[PDB]
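K.L.:
Encoded as structure tokens, here's the structure I'll be asking about.
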């Protein structure tokens, strides 16, 4: 028995958001719903298709009939940004089945281009026969970037380790990218660039082996 | 210490009011119990402190009396109430029962059917001869059977047996067995049993000559 | 289910002891007592004793003093009756009955006024010098003479057996109307003897076979004697 | 009403982990406990339930054979053992209380969740970080930091000037490298004017390898 | 009034509550009469045998309804198992109603038999109590009240305290609430209306049983506090014959009302969970029917 959920739903602060949970004859199953905020344990927000547990606001409601269960979130606050999971119990297989989840994105939040800082290798690391370029990316929102390195305009993908975005204390996001090369490779090129793309704009920082 | 029931045998019909009397030799206060005993079965408790009806015993059963005089009463004699009844003192730690009071079914006088049986040939080979006189389905129970061998009345050589009153015709049956050694039996010709009963206007005789 | 189950029939020689058991169910054994009462063949009821299931206190009849010993076993809820130095006049059905727990104790009737309210099935105890013997079954044959109207009588003399009982049936149980099996009598010889008769129509003497089925389990005896009409 | 699970686990493949979950604010034997796992960035996977009264369990198909659920009623605690861990078992494991009160629920659903226990699976060996200075260079504000290279396992603590410097500091989440080792940077945004009078030392501490390193970050000399 | 209880599956019984209290009350009078004087403590086993003989007889009259009781059990089996016979709930509810009516009818018929056994216990108990005397009528001993309490009542007060009766009621409210919550959700999806009708019926029976348990729990709690306060007053002192006797009747009254509510609450608890076992099964079967259906 499978529960199919749209991977993403996005709404404006005052608008109402609908999260669907598809399943054959889901109308005969009792659907429970969970909200899981980023880096948090899930919380039960609707049980038995439409009932709200104590402490759950009236903005949250649910319905279920046919092949679609719906979680309706009226007057969506920014704090409602979470993954939402529907759940059923299927007696035929004796299994608790959870849907794939729906990420709720709340619009209206202002876009911030990333701040980029590129550090060339330290003399101490070069003395140890190694070379790591450090690209620090911070203060960006929506919270998603693509990172491209270059060596004299030719793209570089080998030796690149890039982190997933992370929510900062100020609600903006952060990421870091590393380029591990050999000291000989480092000294061979004229320049090295770290290009950060955020929405449709690239922020570039360039470091040269001939700098001090 | 000594209970005496009166009467010892009582003739009654279904629907009748019957009252057994139990007398004690010395005062037993109200410490008297009553019992019912159907033949071949165990007695059942009927009444406890001379009047306390035991749980589940028909309400037709009632008791009364104190000191020396006590009475058991059955208001409407039903087909099951025909049995012998016992009264019992428990004033002293040594219990004493009464002699019993038989309650039998009353019906019309039925004359017995009389049959005489000579000894079998196999029993004669054994060295003894038993002649049995059968009185079949008679009423009342009181009957006199006399054995006459060549008109000589016999005494001490016969044994009687009576059945329980019949569940379908309320009659009794009796078997009287006259026993003689082969030597004594082969010394006489006529063997007869004379039966006397209220249903017979004059004694009925059943006889045979041996051989 | 409140009940008292007693041990089976017993045949003992004069001067011997008997041990009758009485197992209780459906009640608290240690909260009551057991009374023992017997009945000699064709006679009234006679009380022999009492024992308490609570403390084992006993009260015997004066007739049985120094001969009877009733004991008890709280573990199995059983009451025993042991009568030694047995005599001919000890032949009786011995019964056990539920009684109060403190009959000795003065003013006992004020705290438990009930009579002997639950009885065991009884235990046939026969005292005798006699030895086991299967009965000799003799026919009691009808004839043209000695037939009252159209009704003929025939039977079986189940003579000289020991001990009681024997069972008589006619035609393997197929014949039941008009049959009278008489209570046995104990003869001077120490042996029992009885008659089982059947009244039948005269029209059947020469056409229907009549067999009496005597079965004396004590001596493993099974006798099927054919009763045949005497021609003469 | 709470479920408090045991702390983060770091295990090698082929090893086992017994995670605990202590119940509070209610009678532990009156409600079933479920276990659900979550791979990073992925959905909720029901692993199975346990009846805390009898100890009877029900394992999901994919978790049968290598998951064992038990409880100790004396201490209101349920456990889940993962036997013979593999790389793909890196996930947050959760314990969650069924909303049905009593035995044999006709339907199953959760109302109270534990905080999660991260189980990390790697064949890497405990290695202390090599620490490097990210010298300040070229508005009126300068960026300098430390590079905490090739350490395993998490976590590393980065302090500035023995804890005294906490403004303008940004210690960044670590990258897991293809080698199995971690690397992180800690940048501190300082006034450019301070660069000649204020000395900056980063203090790195890796408790698993018992490594404590201090690194002076001075403006690049030429 | 009469209560019909279900300790376990296939085990229906009945209690005529006023008879239970009446019979228990006169058991307390009986023991208090023999414990007042040391010269009558041995008679305890005779009182025991009498009281057990009275209940044996009481139970034999209850046994007269065995066949009508067994009838109701079978009808209840059809009601509690609609998944095994599968049609017309109304007919099944009417069936239960009349079979239950027939049991109360049998009970009412034996009213006089039940009253004679009760009135024999009253006469017995008042007989011992009316002959209770003191060496000094101005100074009657309360050692009998003390002994009887220690050996007959204190064991029940400790036993009832060890059980958390107030959490038994909390547990039952969670059961009732989650059952209605699921019931209301399933009713909106249909399936076998026979299953929803029998769930609604068993559920309402359970609320009624709960009300009786809640009511008996309040009495158990109040009487345990009242017996414990009142026992202090009637002990460790003497009384005039009149006041001692009024105090023996007052204690006996408190004990009998407490023992009654304890006996009934225990039996109603067995009934609530016996009925709950069947509600659970029907919930399991309705969910099976609903999920294994067409769209």
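Don't overthink the numbers, they just go from 1 along the chain as shown.
Per the header: X-ray crystallography, 2.5 Å.
The backbone N, Cα and C atoms fix where each Cβ goes, and this holds for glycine too.
Grabbed the feature section from Swiss-Prot, which reads as follows:
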CARBOHYD  E:55  N-linked glycosylation site
DISULFID  E:65-E:106  disulfide bond
CARBOHYD  E:86  N-linked glycosylation site
DISULFID  E:134-E:140  disulfide bond
K.L.:
Just give me the nearest neighbour of residue E:55 (N-linked glycosylation site) among the recorded positions E:86, E:106, E:140, Cα to Cα.
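P.N.:
For residue E:55 (N-linked glycosylation site), the spatially nearest of the recorded positions is E:106.
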K.L.:
Quick one: pull the CA-CA distance for residue E:106 (disulfide bond) versus residue E:134 (disulfide bond), whole Å only.
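P.N.:
Residue E:106 (disulfide bond) and residue E:134 (disulfide bond) have their Cα atoms 47 Å apart.
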K.L.:
I'd like the number of other C-beta atoms within 10 A of the C-beta of residue E:55 (N-linked glycosylation site), please.
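P.N.:
Cβ-Cβ neighbours of residue E:55 (N-linked glycosylation site) within 10 Å number 15.
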K.L.:
Between residue E:84 and residue E:85 this deposited model leaves 52 residues unbuilt; compute the CA-CA distance across that break and give it in Å as an integer.
P.N.:
6
K.L.:
Helix, strand or coil by DSSP: which one applies to residue E:140 (disulfide bond)?
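P.N.:
Where residue E:140 (disulfide bond) sits, the three-state DSSP reduction gives strand.
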K.L.:
Does DSSP put residue E:86 (N-linked glycosylation site) in a helix, in a strand, or in coil?
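P.N.:
Residue E:86 (N-linked glycosylation site) sits in coil per DSSP, no helix or strand.
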K.L.:
Give the sequence-ordered list of residues that share a chain with residue E:140 (disulfide bond), lie 6 or more positions from it, and have CB atoms under 8 Å from its CB.
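P.N.:
Correct list: E:36, E:134, E:238, E:239, E:240, E:241, E:244.
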K.L.:
Measure from the Cβ of residue E:65 (disulfide bond) and count the other Cβ atoms within 10 Å, all protein chains considered.
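P.N.:
Residue E:65 (disulfide bond) is surrounded by 20 other Cβ atoms within 10 Å.
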K.L.:
Using a 10 Å cut-off, grab the number of neighbouring Cβ atoms around the Cβ of residue E:134 (disulfide bond), all chains included.
P.N.:
16
K.L.:
Would you mind pulling the DSSP three-state label for residue E:134 (disulfide bond)?
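P.N.:
SS state of residue E:134 (disulfide bond) = coil.
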K.L.:
Do me a favour and check the Cα-Cα span between residue E:65 (disulfide bond) and residue E:86 (N-linked glycosylation site); whole Å is fine.
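P.N.:
Approximately 29 Å lies between the Cα of residue E:65 (disulfide bond) and that of residue E:86 (N-linked glycosylation site).
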K.L.:
Which one of these recorded positions has the most other Cβ atoms within 10 Å of its own Cβ: E:86, E:106?
P.N.:
E:106
